[PDB]
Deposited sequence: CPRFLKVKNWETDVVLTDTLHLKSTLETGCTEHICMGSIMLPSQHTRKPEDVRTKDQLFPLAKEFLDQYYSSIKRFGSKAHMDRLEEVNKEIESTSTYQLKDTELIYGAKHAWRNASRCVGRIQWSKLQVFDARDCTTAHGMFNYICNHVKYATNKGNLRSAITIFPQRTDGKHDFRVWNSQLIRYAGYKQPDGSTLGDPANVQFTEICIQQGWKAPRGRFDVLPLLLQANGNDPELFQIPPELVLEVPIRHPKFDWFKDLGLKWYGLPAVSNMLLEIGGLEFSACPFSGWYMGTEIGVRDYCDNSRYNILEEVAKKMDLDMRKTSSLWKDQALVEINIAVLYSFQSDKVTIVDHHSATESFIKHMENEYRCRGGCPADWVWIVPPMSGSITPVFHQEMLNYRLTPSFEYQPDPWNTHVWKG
């Protein structure tokens, strides 16, 4: 059964057959659409029972992609995985399989607008890691390689898979590089309000907080199920960009800066039924992630009103669109600062344009591209980007990146 999507701005129609290969559930039914739920339970322990069917499905996938489906290499590997499961209750991916699986988890990430780049992912195999110090070293190297002095390169570092769920590797940080947030007694917040809870855990674990507005948080790394340990990223590894505006000289005076490398570190990579609970991945920013969300979200730095004041806008009534007007300027300043400093960034027009090209190519060479419109459309100027008028089909393919509960809610403390 085929399904079609129409771009209503160009009348281009595409035919999705890939959705038949879908296994996991969406959360929707015939009578309710959960398309705007941030985490369907579906999007968030496993025995030898249900494991070999998942392994077989992944290996069939993998050997098809190398055009060796049904070969002796394919059938022998199936048997080898079978015996390793029945005797060890898990199994180990070859290097080739791990690289393929990680690239395809990104290719499958239906909320990621940056997926045109999915095949150019540098995969770092950290499955020989055993300790938190070992994790810190792998992460430092990831940060150095990814940053590349501003010429950002996508990368992922994969720590050992889950076994009995009692020996998990976890990065307790939500991203490798994030700014601390401090709740003051007067109710205000210093730094990034998005990180107040994690900052407090860090301070509790012994971190001496500078209590500044842009303190890079320490790494809180959990190896093999042990209590997590604190490490400071060497500051020369943290590339940062002072935010200025090309016409507004007072903009520098807001004291703002941001870090160059977005490296998400709290998601779970699933490949052939194996669960990689620690797998930080990084690329480069779309400007709106910093300029719209990171600075202008009401629950974030919320510099909108200050920028509004310094522009001397009518802040009395909302219908003056002072918020809209200040948001654009803040996003101009983010792009201008990164480009001036030669730090890789992409604006939301370029990125959505690339994504449509990626999506059309995926429909032709792959039969489909799962896409989450609610997440693909940029958080400003939605309808003047090409993805707004693009119909999209959302479904869940494996390998996948999944959400998982924050470790501090599930961790059994050693003391």
query	finding
Sequence order list of spans that the model leaves without C-alpha positions, deposited numbering	1-2, 47-51
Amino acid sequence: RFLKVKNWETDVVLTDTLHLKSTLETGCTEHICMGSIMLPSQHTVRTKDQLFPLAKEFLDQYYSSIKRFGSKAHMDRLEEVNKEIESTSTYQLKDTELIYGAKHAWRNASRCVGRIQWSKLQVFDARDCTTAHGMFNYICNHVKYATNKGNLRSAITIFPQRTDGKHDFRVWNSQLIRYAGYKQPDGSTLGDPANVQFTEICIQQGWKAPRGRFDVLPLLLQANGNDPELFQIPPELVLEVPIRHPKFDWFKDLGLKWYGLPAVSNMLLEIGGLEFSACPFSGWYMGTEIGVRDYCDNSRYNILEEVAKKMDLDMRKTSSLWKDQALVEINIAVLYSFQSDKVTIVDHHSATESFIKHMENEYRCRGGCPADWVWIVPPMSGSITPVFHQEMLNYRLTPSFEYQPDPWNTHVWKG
From here on, numbers count along this sequence of modelled residues.
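Superpose the two forms; the largest set of C-alphas matching within 1.5 Å is the rigid core.
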| item | value |
| --- | --- |
| Stretch with greater C-alpha deviation in 5 other deposited structures of this protein, 120-128 versus 157-165 (rigid core superposition) | 157-165 |
| Stretch with larger C-alpha RMS deviation in 5 other deposited structures of this protein, core superposed, 48-56 versus 351-359 | 48-56 |
| At least a third of the other entries leave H31 unmodelled | no |
| Missing coords for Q42 in a third or more of other PDB entries | yes |
| Mean C-alpha B-factor comparison - 394-402 and 20-28, higher one | 20-28 |
| Stretch with the higher entry mean CA B-factor, where the candidates are 345-353 and 361-369 | 361-369 |
| Residue with maximal Cα B-factor (values as given in the PDB entry) among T157, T147, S265, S188 | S188 |
| Of the residues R162, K247, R107, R77, the one carrying the largest Cα B-factor as recorded | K247 |
| Relative C-alpha B-factor of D297, binned into the chain's lowest, middle or highest third | highest |
| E275 by Cα B-factor - lowest, middle or highest third of the modelled chain | lowest |
| Chain third (lowest, middle, highest) by recorded CA B-factor, residue given as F169 | lowest |
| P235 - which third its CA temperature factor falls in, relative to the rest of the chain | middle |
| Entry-reported Cα temperature factor of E97, expressed as the chain third it lands in | middle |
